[PDB]
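Notes to accompany the following structure.
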Amino acid sequence: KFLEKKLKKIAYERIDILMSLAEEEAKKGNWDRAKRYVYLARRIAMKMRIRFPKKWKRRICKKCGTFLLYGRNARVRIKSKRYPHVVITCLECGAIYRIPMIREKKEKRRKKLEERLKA
Amino acid sequence: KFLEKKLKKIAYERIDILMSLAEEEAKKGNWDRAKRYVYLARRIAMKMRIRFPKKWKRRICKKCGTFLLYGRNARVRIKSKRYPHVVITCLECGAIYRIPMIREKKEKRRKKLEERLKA
Amino acid sequence: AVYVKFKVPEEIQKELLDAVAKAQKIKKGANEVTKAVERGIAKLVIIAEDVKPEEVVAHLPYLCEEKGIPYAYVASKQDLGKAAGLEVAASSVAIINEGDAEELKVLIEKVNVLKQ
Amino acid sequence: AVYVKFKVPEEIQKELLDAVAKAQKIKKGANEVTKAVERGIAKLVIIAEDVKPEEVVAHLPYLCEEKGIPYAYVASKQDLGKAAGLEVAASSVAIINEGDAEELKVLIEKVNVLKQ
Amino acid sequence: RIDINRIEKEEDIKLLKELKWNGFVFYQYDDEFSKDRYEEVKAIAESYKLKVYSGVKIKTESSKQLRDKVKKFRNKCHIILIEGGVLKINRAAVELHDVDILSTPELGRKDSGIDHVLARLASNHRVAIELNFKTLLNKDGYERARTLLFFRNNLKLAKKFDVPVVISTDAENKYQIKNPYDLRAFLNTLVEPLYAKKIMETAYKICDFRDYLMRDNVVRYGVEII
Amino acid sequence: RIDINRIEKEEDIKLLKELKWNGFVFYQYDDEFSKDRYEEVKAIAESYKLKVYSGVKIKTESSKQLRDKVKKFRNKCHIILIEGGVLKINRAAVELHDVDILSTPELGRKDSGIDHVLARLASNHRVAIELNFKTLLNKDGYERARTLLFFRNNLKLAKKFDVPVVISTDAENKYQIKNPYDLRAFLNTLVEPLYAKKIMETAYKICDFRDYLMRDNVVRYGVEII
Amino acid sequence: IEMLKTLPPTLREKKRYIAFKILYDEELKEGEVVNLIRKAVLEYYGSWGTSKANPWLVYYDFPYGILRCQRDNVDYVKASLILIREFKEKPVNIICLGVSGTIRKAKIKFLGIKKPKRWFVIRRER
Amino acid sequence: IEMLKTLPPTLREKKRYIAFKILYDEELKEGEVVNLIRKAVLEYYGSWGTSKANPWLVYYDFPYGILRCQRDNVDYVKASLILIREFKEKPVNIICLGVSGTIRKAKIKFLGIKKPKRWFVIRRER
Amino acid sequence: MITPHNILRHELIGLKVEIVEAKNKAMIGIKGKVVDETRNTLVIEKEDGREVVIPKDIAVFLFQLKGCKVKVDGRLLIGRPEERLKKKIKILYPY
Amino acid sequence: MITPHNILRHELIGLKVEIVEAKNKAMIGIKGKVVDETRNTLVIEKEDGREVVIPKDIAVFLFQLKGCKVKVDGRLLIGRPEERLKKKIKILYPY
RNA sequence: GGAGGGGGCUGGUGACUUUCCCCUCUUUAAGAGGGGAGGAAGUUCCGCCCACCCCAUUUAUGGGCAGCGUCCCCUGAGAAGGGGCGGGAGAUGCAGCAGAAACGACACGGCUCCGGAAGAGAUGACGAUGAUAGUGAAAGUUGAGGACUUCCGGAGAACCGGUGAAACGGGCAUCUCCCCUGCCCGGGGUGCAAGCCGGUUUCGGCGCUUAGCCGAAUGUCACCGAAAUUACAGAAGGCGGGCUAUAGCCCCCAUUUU
RNA sequence: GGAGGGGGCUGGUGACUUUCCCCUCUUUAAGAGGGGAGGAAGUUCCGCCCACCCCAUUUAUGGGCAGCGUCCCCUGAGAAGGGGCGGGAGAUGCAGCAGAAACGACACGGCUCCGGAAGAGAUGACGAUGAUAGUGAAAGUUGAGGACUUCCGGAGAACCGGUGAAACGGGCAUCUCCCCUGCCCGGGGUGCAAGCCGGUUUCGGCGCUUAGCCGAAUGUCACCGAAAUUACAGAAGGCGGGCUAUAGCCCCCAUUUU
Ligand SMILES: [Zn+2]
Ligand SMILES: [Zn+2]
């Protein structure tokens, strides 16, 4: 248990330094180099069975594996008419992934119901 | 002395069989073969320091070494006018040797003087 | 809590609220500030700190750093909308034309000192 | 003693002396018998045994054997000259024409039996 | 050129330095070792001109309970050396792979020195066989022949499987010390002049590695300076 | 395969024929030999299946007066054998060139077996050196070593100058008889397996030549039949 | 327990079995003939030559006997059998009968005619 | 007279001179040190190995000593010096000093410093 | 943090690495950061910009920590970057 | 007369000689008389008429006496016909 | 030119000794001649000849093998190595957590209709976390004196599910049958330590050998050659195929280098 | 293709050990590097450098070497090996036997003249073993009623001597001078065990070494190569020439053979 937790403290940095090295190389223009780093990061996650950080979770297309720089190779928008969600689409391959916030939208509905009943 | 005399009995035959073998080969026509035998006979005489036989003495020219066959390669004559002597001359080379009998002529002179004085 | 990269002082925090109220030529909304930074007319982007969920303004600091647009944070979402001129709170406000606040927006550009 | 090759009987020895006296066509001398044997007219050559020195008739047996002329010996030199017709002894006598002794000279040719 | 003997006085140690020897090993054949023997042994080394490496000894205890015990005792000394004729002690000594050398497989068992399977476990564990010369000194005629045929069987297994061989006089008194050259000549006598020379190097190559490991901060063949 | 020993009875001669031996030599080590020993020795040879060649012996007399004497005695027997430690007797024995073999150059002189100049006179005279095994049987430890180093000096002179070598047990009683194979194995031990085989042939090649010389009318290696 | 795995035939020793016989009037024991051989090897081979040859006696009931030696050094140990001269009141003279690679050929060539296989039948029974 | 011509240097033996020393408290005689060496050669070399080595002792006055052996077998006889353990009440331990091809280098390298030439001066004088 | 004990479990990518000893004479003396990593081959880009193919087993690397320098053989560094994190223990001996 | 004892002093010229053993395979089996003689070479003319060159040292000759036949090696027959008459003694050994 | 990988070949001649073994011959007992371990003999994953028993005497049924080269997938300095051979139907499994939902589809949440409650007619409710709002409603363009709603429950055509390796829909793996094309027909079970014979527990012979041992033989030296007794390794009824470890030289490829 | 003869080459690299030796260097005494027997070192037939003494200080005289290749002679299977270098004069030797006579020529026997004796004038003496008889008279042609002689002694122009290896005449061998042509000038004697030095009989150092020992070192293994440590053989101041013994391969020649 002690050697498992100390290895998890090591491997938490190994997904952190390899992803931050991928971020500064992706703005250089070498998209094939940044795809190599996260492929090592996606491979080292499943051997230890550890999860990705919440900040670096939405930065990678799940289909191809290119790092998404907002505006450079990524087109992000807020579509909130029907259901509130943000969409990331890779300009290289063309896959589409979305992040709905309906569970956080449900709280402000429930918070405003409690404010109307109290007032 | 005994080994010297027994070797002389041997070597007396060695000059005899080698000369008689030279005589029958000389009438065959091979004069070079008969010259080889007597050259071995003239060589073996001087190592032992033995003399030639009296019969085979006058048969060989002393210059060249060919066997003389009377009439074939030898011209023999009796010249008795001035001094009585017989001459052998080799038809091959041309040397001349003579045998005077003046010491035997002197005896019949001395024998006839004793017959005149007694009668 | 997560997308905030630097701690903003309180004395300069009102100067973000003073610059938006003095100018009143602004774009409100999370989509309109994203269109302003990619075109380059936006000189200053003001982001609230108490947003929930954080994904609606999480791309705002990463887009402002690559485009070269100065930005800073404000702690209140409701006070940003009141200075912008609305009774409803706005998550983010970008400035196009300062007008009288052109002398003020250079003083907000000392946030680059807070970056290093 | 030296040039004699075979021993001649006494009964045939007079028949050599009879053949020379009957014919009386003969050549006397050591030179004339040598000329007769090389020409081949000589049928029989008679050589004395008591010669001294032996070199005057030593070539007579060796020349008669090569030419193929039959020859035999007589013991006396004086009796050879008396049968030849001379008071002085002759060493050797060769026959050319036998005449009445042609029947006798075939009987002298049994000396070839004495040769082997 | 490394020698293993028991120090008594100064004069025999001064004698071995005058002839051929470069550095040798203190051989504590007891369960009672301390710093009192260690402060004297540095005085003999600095006396004329010498360097001494001290080692300890354990003998005839159990298989796996001796392994937990001597691993605590090796942290205070330089090297260790295990002896035993029992095969279950000889087999258990090689699995721990922290021992450097092993001795006496011929005087306790009196059957055969090294087995075939015992040499294969010494390959990946890197345990050397130590040859002794104290044994042949006080035997009889046939008894000298029996240990010598056991030694010839130990040389062919260490040559084929590449097991290191280190010679020792294993001396006790002033005069059992031998020179290295006759010891080289005795190993030249047995098999080869080439294999006799490499034995002296494996005597040397052990004491550099054990010293440099505990000299500085070296862990798993990695040194850290600056 | 030729053996040289002294016959006593029938049983030891019957024993040597059963194992390896083909023909052997009667060794009369006395000055009194006659036909009485010769009529018995043919009865032992025709007893089971054998062939025996009898030889005589002379010892410690003068140099040149012994040569005129033993040349009369050799006309009645087959072979002769001369022994002596004195070098003036050893030198005088080889010049007569009618002796076949010579023995004991190490027990009389006790200095060295064969000299360098002694081997060169044995070349054109064709005298062989005979090696003995009776000597090493009754020596001591160092005494066995001294005759063996003398024998190694005699082998190198006979190999370079091509001197024939014939081995003998030189036995006296029933049990000093050895087999030829250990005698071949003892000569294979000293120098070579090739030179050990040729020694047995020179043991054989002597007794054919000495027999065939006096078998028929053979004089100076020339035989006359018909 | 004392159990050693037998060496593979590439690594095992090469051996020959020396058949010999001591022919005399007096009797010899098994402990005597193992001692007189061992005294003979130390005098001829030496201490160094003993390990090269590895001499061993297996069995001795008759005046006959079977002795073990190496395959390359049959020639040197056969000269060791003949140089031993006496045993304390009485001579020694070992006459060899032959050598072979196994007990099976050595027991039937010179010693006997039949084959007993005794090592197999006493191990599983006892 | 007993006089033998010396062998030519192509045919002569190749020799080395072993300088050694016996370091002890008790004393040894010349007849003792020639016996303990000869007992050591018969145990190690054997009877066959003795003629191959040709051991010889020339001179012994001090605890030092000079010993003769062959050039090819210096290695085997040096192990013979160390295996001898005791002499009847008292141990033996021979320590070698070095080997050389002649007396002249062996007497000055380890034994002494000067050169005496004693074999030449006692032969012509006596 | 980066320690010499956990340097066998550390990711070599993003660390300045220079080689002091190697069997091949060209690979001695190059300095740079590691970009990619395979089982027995390190990929180091120089400050000049030349990508150089370096096997691990034949050379020794000098790693640059936060200030410190550590000398570790590449014989301890056998393995892919995936399974080296979980459990890889190697034993070396200088003989 | 011709004796086997004096056959080494006898003149070989005029004697029928045949060879039984020789190292060269052609010289075995020829029969004829000896015409000429040198130191180590015999000259034999066949009944066919072919002159054949025969060395003495390599073969053995079978001499034809008056009826008898003698076997003598040519190793005893070394020497010219001149000095062989005076004194020549040779010793041979079959080893 | 240097670490490495793959493929091929691995003996011949002469001498000694029947005391290295077998076989043959003659001969005053011993001699002469010939032959004598491999590419894996190791590993036991196989088949057949050979044997024995059971059912059957059948290409009617049915059983067994193959779909190669090529191509596909994975790993290394990318030469090379390893595995597999098409389709249809049925069943089970993809845990745990996460996700509306985890292998057939669904229920559930956004959309529409009905019922109940709350606020309100130049006001108030809501809305830049997106307002009346459209499109094949994944996605994308839109962006406010815009503006009539918000919540809960029930029923339904169409579209879409923040996770995770992998989803209103197609995959992956295993097992069993029916669809194919070609070839061959006794089908299973054990196995030479099988099986048979004198013997009748045990043993000897056979099965057994152009090496044929069994308490397990096949030895030593020299040399041409360069393929050589060096590495790995040693027959046990034979042959064929696959895997495994490597010496010497030849051929091919790579990297460093120039 | 097989016995044989002659000529040429005969080591290099790597490892171990200063305990195989020498030399050099540094250094917590031991390590590292380099070198280490030949074509004959054997044989002593030579010379010189090097040393010492005597005479001489001379190319005036005189001394020393060479006339090679080529050619001549002898011996072997006739390739090959060995010996010698022109001429003139003088002396000795070619024994023994044989021959008139044996090394300069002669005496002697056949030829001529003189003296003595014997026989004799159509006789007798002699003569086919040669008669009156000739030729530059060695040799060769001659060959009888041919025919006047035969012997001994002495003196002389021309020609020839049965033997023997070799002769009224030319050779051979040795020794000493005078005739030649070219080159070089101290001439002899001994010799490193010479000679010199501390020493003062004896010993250590020098003479001594790109191996330099002296109670006499120069070692072992592997390999390319094929010239290799195999044959013969081992330095002792160095160099040059000649003789002697032979391994391995290359080149040339012969015989047998086809
Ligand atoms: Zn993508
Ligand atoms: Zn003529």
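Does the stretch G:92-112 contain any residue that is out of contact with any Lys or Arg (no Cβ under 7 Å at 6 or more places or on another chain) and away from RNA strand K (no atom under 15 Å from the Cβ)? Break it down into steps so the answer makes sense when it comes.
Within the stretch G:92-112, the subset out of contact with any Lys or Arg (no Cβ under 7 Å at 6 or more places or on another chain) is G:93-94, G:102-103, G:105-106, G:109-112.
Next, only the ones that are away from RNA strand K (no atom under 15 Å from the Cβ) stay: G:93.
Scanning the stretch G:92-112 turns up at least one residue that is out of contact with any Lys or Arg (no Cβ under 7 Å at 6 or more places or on another chain) and away from RNA strand K (no atom under 15 Å from the Cβ).
Identify, from the list C:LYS5, C:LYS25, the residue that is basic (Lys, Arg), farther than 20 Å from C:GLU102 by Cα and in contact with a helix residue (DSSP H, G or I) (Cβ under 8 Å, 6 or more places away or on another chain).
Details: C:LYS25 fails: farther than 20 Å from C:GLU102 by Cα.
None of the others qualify; the one that does is C:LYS5.
Which one is nearest to RNA strand L (Cβ to nearest atom) among residues in the stretch C:83-113 that are in a helix (DSSP H, G or I) and buried (at least 16 other Cβ atoms within 10 Å of the Cβ)?
Our first condition is that a residue be in a helix (DSSP H, G or I); within the stretch C:83-113, this holds for C:83-84, C:99-108, C:111-113.
From what is left, the residues that are buried (at least 16 other Cβ atoms within 10 Å of the Cβ) are C:83-84, C:101, C:104-105, C:108, C:111.
Details: C:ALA83: 81, C:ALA84: 82, C:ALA101: 79, C:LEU104: 76, C:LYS105: 74, C:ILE108: 70, C:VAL111: 64 Å.
So the residue we want is C:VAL111.
Could you list, in sequence order, all residues of the stretch H:66-105 that are more than 8 Å from RNA strand L (Cβ to nearest atom) and over 21 Å from H:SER51 (Cβ atoms)?
Taking the stretch H:66-105 as the starting set, the residues that turn out to be more than 8 Å from RNA strand L (Cβ to nearest atom) are H:67-70, H:73, H:75-77, H:79-95.
Passing the criteria: H:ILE82, H:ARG85, H:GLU86, H:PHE87, H:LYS88, H:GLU89, H:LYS90, H:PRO91, H:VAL92, H:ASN93, H:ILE94, H:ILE95.
Do any strands (runs of 3 or more DSSP E) lying entirely in chain J carry at least 2 residues that are under 24 Å from F:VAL218 (Cα atoms), and which ones are they?
Qualifying strands (runs of 3 or more DSSP E): J:16-22, J:59-64, J:69-73.
Would you confirm whether or not the stretch G:52-63 contains a residue that is under 13 Å from the mean Cα position of the chain (by Cα), within 12 Å of another protein chain (Cβ to nearest Cβ), over 16 Å from F:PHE186 (Cα atoms) and buried (at least 19 other Cβ atoms within 10 Å of the Cβ)?
yes
If you go through the stretch J:71-92, how many residues are among the charged types (D, E, K, R), loosely packed, with under 15 Cβ neighbours inside 10 Å and within 11 Å of chain F (Cβ to nearest Cβ)?
Qualifying residue count for the region: 1.
What's the number of the condition G:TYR45 fails, among (1) away from chain H (no Cβ under 14 Å); (2) of a type outside the set (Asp, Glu); (3) closer than 18 Å to G:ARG68 by Cβ?
That leaves (1) as the condition not met.
Inside the stretch B:55-105, can you point out the residues that are within 23 Å of D:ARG39 (Cα to Cα), outside any loop (DSSP other than H, G, I, E, B) and either within 16 Å of ligand 1 (Cβ to nearest atom) or more than 14 Å from every other protein chain (Cβ to nearest Cβ) (or both)?
Residue satisfying the conditions is B:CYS90 alone.
Could you go through the stretch F:11-18 and let me know if any residue there is in a loop (DSSP other than H, G, I, E, B) and either away from RNA strand L (no atom under 16 Å from the Cβ) or free of Cβ contacts under 8 Å to residues at least 12 places away in the same chain (or both).
no
Out of everything in the stretch F:106-129 that is within 14 Å of chain J (Cβ to nearest Cβ) and closer than 14 Å to F:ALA92 by Cβ, what residue ends up being nearest to the chain's Cα centre (by Cα)? Don't jump to the end; show me each part of the working.
First, the residues of the stretch F:106-129 that are within 14 Å of chain J (Cβ to nearest Cβ): F:122-128.
Those left that are additionally closer than 14 Å to F:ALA92 by Cβ: F:122, F:125, F:127.
On the way: F:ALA122: 15, F:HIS125: 17, F:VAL127: 11 Å.
That would be F:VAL127.
Could you run through the stretch F:132-187 and say how many residues are away from chain H (no Cβ under 13 Å), over 21 Å from G:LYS78 (Cα atoms), surrounded by fewer than 18 Cβ atoms within 10 Å (Cβ to Cβ) and touching a residue at least 40 places away in the same chain (Cβ under 8 Å)?
Count: 2.
For the condition under 11 Å from the mean Cα position of the chain (by Cα) and away from RNA strand L (no atom under 16 Å from the Cβ), what is the one hit in J:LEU92, J:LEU8, J:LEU42?
Answer to the selection: J:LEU8.
Can you tell me which residue is farthest from RNA strand K (Cβ to nearest atom) among those in the stretch B:42-54 that are more than 14 Å from B:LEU18 (Cβ to Cβ) and outside any helix (DSSP H, G or I)?
Selected residue: B:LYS54.
Would you check if A:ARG51 is under 14 Å from the mean Cα position of the chain (by Cα) and away from ligand 2 (no atom under 16 Å from the Cβ)?
Considered against the rule, which asks whether it is under 14 Å from the mean Cα position of the chain (by Cα) and away from ligand 2 (no atom under 16 Å from the Cβ), A:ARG51 comes out as yes.
I'd like to check something: does the stretch H:76-90 contain any residue that is in contact (Cβ under 8 Å) with a residue 12 or more places away in the chain and more than 14 Å from chain G (Cβ to nearest Cβ)?
Within the stretch H:76-90, one or more residues are in contact (Cβ under 8 Å) with a residue 12 or more places away in the chain and more than 14 Å from chain G (Cβ to nearest Cβ).
Is one or more of the residues making up the stretch D:69-84 of a type outside the set (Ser, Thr, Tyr) and within 21 Å of B:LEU68 (Cβ to Cβ)? So that I can check it myself, show each step before the final result.
The initial filter retains those residues of the stretch D:69-84 that are of a type outside the set (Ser, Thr, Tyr), namely D:69-70, D:72, D:74-75, D:77-84.
Still in the list and also within 21 Å of B:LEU68 (Cβ to Cβ): D:69.
Within the stretch D:69-84, one or more residues are of a type outside the set (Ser, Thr, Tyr) and within 21 Å of B:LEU68 (Cβ to Cβ).
Restricting attention to the stretch I:23-70, which residues are over 28 Å from A:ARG43 (Cβ atoms), without any contact (Cβ under 8 Å) to a residue 12 or more places away in the chain, more than 13 Å from every other protein chain (Cβ to nearest Cβ) and basic (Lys, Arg)?
I:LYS25
Rundown of residues vs (1) of a type in the set (A, V, I, L, M, F, W, C); (2) within 8 Å of RNA strand K (Cβ to nearest atom); (3) more than 16 Å from C:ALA30 (Cα to Cα); (4) loosely packed, with under 13 Cβ neighbours inside 10 Å, yes/no style:
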site: A:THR66; (1), (2), (3), (4): no, no, yes, no
site: A:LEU69; (1), (2), (3), (4): yes, no, yes, no
site: A:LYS81; (1), (2), (3), (4): no, yes, no, yes
site: A:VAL87; (1), (2), (3), (4): yes, yes, no, no
site: A:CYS90; (1), (2), (3), (4): yes, no, yes, no
site: A:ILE96; (1), (2), (3), (4): yes, yes, yes, yes
site: A:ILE102; (1), (2), (3), (4): yes, yes, yes, yes
site: A:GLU107; (1), (2), (3), (4): no, no, yes, yes
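Do you know which residues across the stretch G:38-94 are among the aliphatic types (A, V, I, L, M) and within 18 Å of E:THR147 (Cβ to Cβ)?
G:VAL41, G:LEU42, G:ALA53
Residue by residue through the stretch J:17-40, note down the ones that are crowded, with 17+ Cβ neighbours inside 10 Å and under 13 Å from J:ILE58 (Cα atoms).
Hits for the stretch J:17-40 are J:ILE19, J:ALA22, J:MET27.
Anything in the stretch D:34-58 that is more than 17 Å from B:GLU104 (Cβ to Cβ) and either within 10 Å of chain B (Cβ to nearest Cβ) or in a helix (DSSP H, G or I) (or both)? List them, or say none.
Correct list: D:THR34, D:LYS35, D:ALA36, D:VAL37, D:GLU38, D:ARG39.
Per-residue answers, yes or no, for (1) touching a residue at least 12 places away in the same chain (Cβ under 8 Å); (2) of a type in the set (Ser, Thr, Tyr); (3) surrounded by 15 or more Cβ atoms within 10 Å (Cβ to Cβ):
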{"site": "F:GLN28", "(1), (2), (3)": "yes, no, yes"}
{"site": "F:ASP31", "(1), (2), (3)": "yes, no, no"}
{"site": "F:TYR38", "(1), (2), (3)": "yes, yes, yes"}
{"site": "F:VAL41", "(1), (2), (3)": "yes, no, yes"}
{"site": "F:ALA45", "(1), (2), (3)": "no, no, yes"}
{"site": "F:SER54", "(1), (2), (3)": "yes, yes, yes"}
{"site": "F:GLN65", "(1), (2), (3)": "no, no, no"}
{"site": "F:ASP68", "(1), (2), (3)": "no, no, no"}
{"site": "F:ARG74", "(1), (2), (3)": "yes, no, yes"}
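Do we find a residue being more than 13 Å from the chain's Cα centre (by Cα) and among the basic types (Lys, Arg) anywhere in the stretch H:17-25?
no
Just to be sure, is F:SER123 farther than 22 Å from F:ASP100 by Cβ, touching a residue at least 12 places away in the same chain (Cβ under 8 Å) and hydroxyl-bearing (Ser, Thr, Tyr)? So that I can check it myself, show each step before the final result.
On the way: farther than 22 Å from F:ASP100 by Cβ: no; touching a residue at least 12 places away in the same chain (Cβ under 8 Å): yes; hydroxyl-bearing (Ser, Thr, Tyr): yes.
In short, no.
With E:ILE89, E:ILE177, E:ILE129 as the choices, which residue is of a type in the set (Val, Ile, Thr), in contact with a helix residue (DSSP H, G or I) (Cβ under 9 Å, 6 or more places away or on another chain) and in a helix (DSSP H, G or I)?
Within the list E:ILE89, E:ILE177, E:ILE129, the selection yields E:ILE89.
More than 16 Å from RNA strand K (Cβ to nearest atom) and in contact (Cβ under 8 Å) with a residue 12 or more places away in the chain: is that true of H:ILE66 in this structure?
Yes, satisfied.
Values in this text are rule-based calculations from the coordinates and carry no lab data. Because the Cβ atoms are built from the backbone with ideal geometry, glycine has one as well, and the counts that use them run over all protein chains shown.
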